[PDB]
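Here you get one chain, nothing else, as structure tokens; it is the form deposited in one PDB entry.
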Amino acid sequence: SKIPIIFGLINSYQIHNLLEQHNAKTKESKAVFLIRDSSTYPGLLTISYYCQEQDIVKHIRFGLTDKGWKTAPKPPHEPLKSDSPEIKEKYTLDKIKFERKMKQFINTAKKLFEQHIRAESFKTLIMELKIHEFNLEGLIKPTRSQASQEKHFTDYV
């Protein structure tokens, strides 16, 4: 009857309110966090938390590698209509780099995500959370109706 610790596809309003309900804004950054299915890249996990320094919710994507869960490539900063030609020229190169790196990353991650759950992938998720200095006691756990239904997470309990 155990519920996975991974959220399913939840919306941005719900993410903010879950963090606020668990008092993320009166605790250090990463003291409170949640883990959810990525809404952009199936097979990836996204860690959402509150960044005290910027007063915003931030997100970090993880995917399976041969070594276990690792951080995915991160995208360059979004275009701003105030951008100069220099910013936009750099963005072109950085976006191509991101897309190439993310395409390779997802192709490997999806294959591993699809493969049989010998379950020892779960330990590597905890390791990467520790390396990122997420307070594991601050993990927000989903309710049954909000938990991920991905078969890979059935024993992520």
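Only the largest set of C-alpha atoms that superpose within 1.5 Å between the two forms is called the rigid core. Numbering starts at 1 and runs along the sequence shown.
Higher average CA B factor: 104 to 112, of the stretches 56 to 64 and 104 to 112.
Stretch comparison (144 to 152 versus 6 to 14) by mean CA B-factor in the PDB entry places 144 to 152 on top. Residues shown: 126, 31, 44, 117. Highest C-alpha temperature factor in the entry: 117. When the modelled residues of the chain are ordered by C-alpha B-factor, residue 70 sits in the lowest third. Residue 88: CA B factor in the highest third of modelled residues in this chain (values from the PDB entry). Remark: residue 121 belongs to the highest third of its chain, ranked by C-alpha B-factor as recorded.
We do not show the form deposited in another entry, though everything after this point is about it.
Here the rigid core is superposed between this form and the one not shown, and of 100, 90, 58, 123 the C-alpha of 90 is the only one to shift by 2 Å or more.
The pair residue 145 and residue 117 is looser in the other entry: their Cα-Cα distance rises by no less than 3 Å compared with this form. In the other entry, the CA atoms of residue 54 and residue 84 draw together by 3 angstroms or more relative to this form.
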